[PDB]
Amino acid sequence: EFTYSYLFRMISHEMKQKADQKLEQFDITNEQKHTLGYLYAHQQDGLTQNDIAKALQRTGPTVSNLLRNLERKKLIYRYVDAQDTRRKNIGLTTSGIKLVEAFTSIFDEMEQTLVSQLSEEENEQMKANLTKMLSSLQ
């Protein structure tokens, strides 16, 4: 019916689509998730908009628009940099951190939804056989 090439390509595509759908249930886009995640990981010393734009490889306007959107929801905050007052640093809020932590539910729920399609034995057989297939491609 279908080739493996087709099945794996479509599964890759649909996994990405489903993760995006689940992320949009938090009213978050992929770009926004990456922004929040960047702050979560890298805010310890104080980040400016320019730092964020350079790290994400996006334009100033894109980053400015992203941050305004997130700030309306109180997911990010700003504070003046006392040794460079021409610059604001951008931080992730307590609620922004909780939301980023909640994103992990997406991968987990997706995996459990796949596992639930099969019996425990069928899952073990399928993973063993996928592992064979993977090994042959390496």
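Each residue number is its position in the shown sequence, starting from 1.
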- As the entry reports it, the stretch among 23-31 and 83-91 with higher mean C-alpha B factor is 83-91
- Mean C-alpha temperature factor, higher of 102-110 and 37-45: 102-110
- Query: So where's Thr62 on the chain's Cα temperature factor ranking, which third?
  - Reply: middle
- Message: Quick check on the deposited entry: does the C-alpha B-factor of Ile97 sit in the lowest, middle or highest third of its chain?
- Response: lowest
- Query: Compared with the other modelled residues in the chain, in which third is the CA B-factor of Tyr4?
  - Reply: lowest
- Query: If you rank every modelled residue in this chain by C-alpha B factor, which third holds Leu56: lowest, middle or highest?
  - Reply: highest
